[PDB]
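Given as structure tokens, the chain that follows is alone and in the form deposited in one PDB entry.
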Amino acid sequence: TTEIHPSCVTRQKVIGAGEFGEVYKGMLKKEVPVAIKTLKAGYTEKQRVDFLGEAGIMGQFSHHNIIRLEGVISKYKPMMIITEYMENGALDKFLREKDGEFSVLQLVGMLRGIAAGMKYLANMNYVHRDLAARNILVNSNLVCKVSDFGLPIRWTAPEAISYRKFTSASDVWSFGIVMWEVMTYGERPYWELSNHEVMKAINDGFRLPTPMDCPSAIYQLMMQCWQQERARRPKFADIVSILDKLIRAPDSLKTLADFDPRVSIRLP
């Protein structure tokens, strides 16, 4: 994996926490902004294996919709994982701060990009296990990049919760939840239901209702991601294909699913 010399890296601001270190925004040497995850003195053998293993898997991904690794510092302490930096930050916070500001076509385009990144990961035999809008970064072209910042009952498929079966098909369930997050501008899935109430509702057959202003085709697709039977869910190749066809014939997105009102206002 590309080894970066520490003299080329400047840590500027803390932006998060790692498993045994912090996460920073900084600059990498024509300076480019970067995000930097460190592994601090005293880390265990397993932590080092997991940290360098993470850099190793990230280094082999090369896709428009997957966060790009700039390189690693392994020859000096503290060790570092260095990625490109996305000014617009995480998708969930981004949408909540930009409520109502995008077109349907822009929102669906974000979903196609996420789906393309997930198709790539699944094809590379990588199961994400924590796909959610909080783990997707947005650049200044509105391009979404699948990432994993570490630690999600309400995003997780029933078989993964029940017996720890994490596969690309449980990632498809999570993707359906991400579709709902995007189309609602970052609403909390299942609102104030507790984790136990969410699992009970899912087991009883209930599913998230349609977002406001949501294309019928998009709601139909997210519903098929939430089939109880894992084998019936679309594969990521199916999701990408459908989203690409809807975008390329954008009148297909003008037909909206009915929104169930929770509140009735009667006026003359």
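Heads up: residue numbers just count along the shown sequence, starting at 1.
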task: Compare the other PDB entries of this protein and indicate whether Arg207 is left unmodelled in at least a third of them.
output: no
- prompt: Counting the other entries of this protein, is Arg232 left out in at least a third of them?
  reply: no
query: Should the segment between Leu151 and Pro152 be described as having none, 1 to 3, 4 to 9, or 10 or more unmodelled residues of the deposited sequence?
result: 10 or more
statement: Deposited residues missing from the model between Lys29 and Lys30 number 4 to 9
Greater mean Cα temperature factor according to the PDB record, 240 to 248 or 14 to 22: 14 to 22
query: Out of 101 to 109 and 171 to 179, which one has CA B-factors that are higher on average in the deposited record?
result: 101 to 109
query: What's the residue among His64, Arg207, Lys235, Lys40 with the greatest CA temperature factor in the PDB record?
result: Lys40
Top residue by Cα temperature factor, when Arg188, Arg129, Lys165, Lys77 are compared in the entry: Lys77
- request: Would you please rank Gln224 by its C-alpha temperature factor against the other modelled residues of its chain and give the third it falls in: lowest, middle or highest?
  value: middle
- prompt: Among the chain's modelled residues, which third holds the C-alpha B-factor of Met86?
  reply: highest
query: Mind checking which third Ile218 falls in for C-alpha B-factor across the chain?
result: lowest
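A second form of this protein, the form deposited in another entry, is not displayed here; the remarks below concern that form.
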message: Considering only the rigid-body turn between this form and the one not shown, which single choice in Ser194, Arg96, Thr83, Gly21 is at the hinge?
response: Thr83
